[PDB]
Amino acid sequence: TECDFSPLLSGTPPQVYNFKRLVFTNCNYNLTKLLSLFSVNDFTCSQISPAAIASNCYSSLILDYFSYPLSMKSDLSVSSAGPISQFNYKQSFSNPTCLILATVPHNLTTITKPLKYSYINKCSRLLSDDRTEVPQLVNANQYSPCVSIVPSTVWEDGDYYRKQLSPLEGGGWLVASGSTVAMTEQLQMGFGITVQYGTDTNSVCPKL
């Protein structure tokens, strides 16, 4: 049973704050077959090397993927305190991980382009009694609380969004703002890999 990466290869990839997640157990992977379809621009890992990530056996392998501009590479890193890791996408700190930035070649026609790149630059709770703003930072392996009020594609750089909260939720506002980056000639994407070693069977192994 081979791990099936094919969902990634069909459709317009979401923006980073709507990252799509594939979860693999009890299968055999060929990371080369997947990456050879793309022009890989950057392949960086934490707690493991790029050579080891494609050669070890895991209890699970998680692959997140999204449209993402290469020009924002420095914001997509385990070392970054910028708006991507604060409000959009944060990988586990306790498991080995990789981040791959790749370009979609013109002959990969089943991966289609959104009209632009978008990301959340602010997600905050407003507290009415104190008139204070509290940033809502994203948790590892979770979506921003603001994914409900930020559109799948931001219309104009700097747009603002809101939802009113009930007294049962603490009242006040949930507010957000979005940013845009112009689409590139070929689509650029980010891939986030998270692996675990298990006290159970390591049933996610490389295809021999």
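Numbers for residues come from their place in the sequence shown, where the first is 1.
The mean Cα B-factor in the deposited entry runs higher for 26-34 than for the other of 26-34 and 176-184. When the two stretches 113-121 and 100-108 are set side by side, the higher mean Cα temperature factor goes to 100-108. Within the selection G158, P151, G170, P69, the deposited Cα B-factor values reach their highest point at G170. Sort the modelled residues of the chain by CA B factor and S144 lands in the lowest third. Placement of the Cα temperature factor of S10 within the chain: middle third of the modelled residues, per the deposited record. For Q196, the recorded CA temperature factor ranks within the highest third of the chain's modelled residues.
Per the deposited record, the Cα B-factor of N88 falls in the lowest third when ranked against the other modelled residues of its chain.
For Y58, the recorded CA temperature factor ranks within the highest third of the chain's modelled residues.
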